[PDB]
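Encoded as structure tokens, the following chain is the form deposited in one PDB entry, with no partner shown.
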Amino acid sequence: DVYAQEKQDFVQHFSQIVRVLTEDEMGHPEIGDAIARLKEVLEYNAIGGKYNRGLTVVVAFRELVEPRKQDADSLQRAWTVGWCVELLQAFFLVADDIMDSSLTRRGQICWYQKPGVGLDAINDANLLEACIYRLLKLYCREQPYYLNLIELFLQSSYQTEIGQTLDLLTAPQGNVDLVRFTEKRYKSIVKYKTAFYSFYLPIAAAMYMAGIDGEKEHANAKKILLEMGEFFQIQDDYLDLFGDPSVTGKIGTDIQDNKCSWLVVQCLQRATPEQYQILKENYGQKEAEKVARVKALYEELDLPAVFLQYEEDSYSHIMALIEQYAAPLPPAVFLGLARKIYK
């Protein structure tokens, strides 16, 4: 509930973010047509998500900063940096939906799939990335942590980018080579491609804004956060198949998309000669008959029970981790975030 009480002032600040960004054409009417395009890009790709990453920046801010140092301006910056995280998010989404040729995202049609856009979406994505640094300059230009944020964001893009390469190398479009879907590879892909920018970035950003720039502190927070990120992804894979669209709010397709899901990774470590063959002969197909056939092989391997088990162990681990590395940070920082992920 710590988030719901913040989501309003957050999603509402979005309107200002836009105004600010699309108001440099005021002094340069020449590039006006481009700025109008930028606004359309932002209003379509940065809106429509759950804003968890963005909100985490704000929620963490209030918890790390003293109630009196949270003046109108300090909250204004936290919202802006919260939206920069969402912009980084938007940047990756637009680009990723093009590479894997997705059809929809957040319920609507993918930006590049929109008539008239197409590959020009590549430039749009690059722009969303740029606005990040334009905002950090417009608001935190003079703050003592200005350079900290810039580097954090830049590094988060590099991490995510590297993770993206890894994933493209692992499950090529048209290569059901289940031989590379190993254990370590799955954890490396999740670490760089998701864990870092989804969990470390948001909190690390709120830290630097609170003055907590200690390499040790960030090192500790990262250890907890990356572990959370890893669980989140595994619970994402599980729910993708054995989940319930009514609750999840989306139907799974990892099996059909030949994804290096956590499920298939466990299926491969627990498969007999003939079983592997069955998978190697159904993982990827679009036919629901061949897909459900795979789900059956998973259930038969009691993977869902394996998850339930791993989940219990994970919960303990994270708690053990929070009790060891949270300090000098308020355990609530991690506890709140964790409770929003687990169960």
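Note that residue numbering begins at 1 and tracks the sequence as displayed. Whichever C-alpha set is largest while still superposing within 1.5 Å between the two forms counts as the rigid core.
A second form of this protein, the form deposited with a small molecule bound, is not displayed here; the remarks below concern that form.
- One stretch from 91-99, 176-184, 137-145, 266-274 that, in the deposited bound form, holds residues within 4.5 Å of the small molecule by heavy atom: Result for this chain: 91-99.
- Message: Can you work out whether residue 262 and the small molecule are in contact in the deposited bound form, taking contact to mean some heavy atom pair no more than 4.5 Å apart?
- Response: No, residue 262 is distant from the partner.
- Message: Even though the partner isn't displayed, in the deposited bound form is residue 79 close enough to the small molecule, meaning a heavy atom within 4.5 Å?
- Response: Residue-level check for residue 79: no, no contact with the small molecule.
- Does residue 111 reach the small molecule in the deposited bound form if we count a contact as any heavy atom within 4.5 Å? It does not: once the small molecule is placed as it appears in the deposited bound form, residue 111 has no heavy atom within 4.5 Å of it.
- Item | 4.5 Å heavy atom contact, residue 164 and the small molecule in the deposited bound form | Judged by the heavy-atom cut-off of 4.5 Å, residue 164 is in contact with the small molecule in the deposited bound form.
- Task: Report the residue, chosen from 216, 137, 270, 180, for which the CA moves 2 Å or more between the shown form and the other one after the rigid core is overlaid.
- Result: The one that shifts is 270.
- Message: Would residue 50 count as moving between the shown form and the other one, using a Cα shift of 2 angstroms or more after superposing the core as the test?
- Response: After core superposition, the displacement of the residue 50 C-alpha between the shown form and the other one stays below 2 Å, so no.
- Message: I want to check residue 308: does it shift between the shown form and the other one by 2 Å or more at the Cα, with the core superposed?
- Response: After core superposition, the C-alpha of residue 308 moves 2 Å or more between the shown form and the other one.
- Query: For residue 247, is the CA shift between the shown form and the other one at least 2 Å following rigid-core superposition?
  - Reply: Comparing forms between the shown form and the other one, the residue 247 CA shifts at least 2 Å.
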